[PDB]
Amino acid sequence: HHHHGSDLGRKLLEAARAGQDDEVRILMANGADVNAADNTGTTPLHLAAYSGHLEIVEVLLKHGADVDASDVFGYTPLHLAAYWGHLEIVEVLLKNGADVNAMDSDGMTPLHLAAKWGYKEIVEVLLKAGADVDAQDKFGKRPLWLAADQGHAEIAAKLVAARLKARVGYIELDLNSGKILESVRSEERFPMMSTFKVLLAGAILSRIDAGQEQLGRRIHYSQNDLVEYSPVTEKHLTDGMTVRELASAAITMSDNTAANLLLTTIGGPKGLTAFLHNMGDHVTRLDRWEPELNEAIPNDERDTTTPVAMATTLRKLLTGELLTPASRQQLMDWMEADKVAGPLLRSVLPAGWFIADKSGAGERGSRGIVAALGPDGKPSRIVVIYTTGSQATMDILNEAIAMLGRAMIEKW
């Protein structure tokens, strides 16, 4: 049944692979088959999408080429376009009704291919076309796993957003230069949650730099002050705690009472926001105290930041000139001793690496972390991740941050 060979169709395959678009059209007027297929089942549209000739793909589909033609390996021309990064061809193939979730022998959809090889724009197109983010390949792997394994953080950020069905903010800064290396929804507002405490530590460290506050100073409080999640301040009800101890509890244990006690020394949220304004952050804003700031009402701008605002502000505190060398080192050391961020970036940190971070959690599926990390004991990069709105469980959210972390760390 292979006897039905056609020199015209054979010539058309070659002209499609060889990019000869005028010859392809000549072979059209001499009656060649737009759906010719070699032994492997490859068609001119397959070869046009493989070699990346937009015009040849155009005319072949104009004349009724099978858009969803599958070769002997299950490859659609969309597979080949996604494998090689041909954005425009992916676009027309979907424009002409290609199957976005076409599966090959191994179960690989085109999203598996584009996500694995870092094709940022094609993923955006496949996603909007309804690519299945849960598609399992021959090995059960899903597209997001392949992205993280290959270190494509932006693609990964988009893929977890799909799974969370919620916005994900993501940005990466070079720790020394400040160059933005990656970004997703970097300018959109997200609830800060307890990640503000790292800013508070900066505001206090600035007043200690000025001599207006002492790490040794002791603050006495009462049972009337304790609030939700106050593990360190509820054990020193009578003897009290020092400013340093309270700041250590705020960062390393996310102690809500210690954070409020320290907020009063600078005039509450209004006072912290004034600090931020005067150092260049006219975006980040603290309005309420712990724990009300974690309410995360949709469209509420209270107690919110943006990934880019927080990231640059944090970089300025840690490497800028807002704090003395001792103070910026003390903030880093406090953050390195974080104890309540284990299931996030730390859960995928390879041995030998440094990380200093602070996490946050709130209502309506809000989860976020700010961090500086890097190989060989020194951090060389800042990462800020936020999400809100998801109704997934806190296990799923925690796993979400970890896969984003893996994606940054991998292929560093």
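When you see a residue number, it is the position in the sequence shown, counting from 1.
For the segment pair 356-364 and 64-72, the entry gives 64-72 the higher mean B-factor, averaged over Cα atoms. The mean Cα B-factor in the deposited entry runs higher for 227-235 than for the other of 227-235 and 334-342. You'll see in the entry that, of 182, 106, 281, 188, the Cα B factor peaks at 106. Going by the entry's values, 244 shows the largest Cα B-factor out of 244, 277, 328, 315. Residue 387: CA B factor in the lowest third of modelled residues in this chain (values from the PDB entry). Among all modelled residues in this chain, the alpha-carbon of residue 347 has a temperature factor (C-alpha) in the lowest third. When the modelled residues of the chain are ordered by C-alpha B-factor, residue 306 sits in the lowest third. When the modelled residues of the chain are ordered by C-alpha B-factor, residue 411 sits in the middle third.
Per the PDB record, residue ranking by Cα B-factor puts residue 83 in the middle third of the chain.
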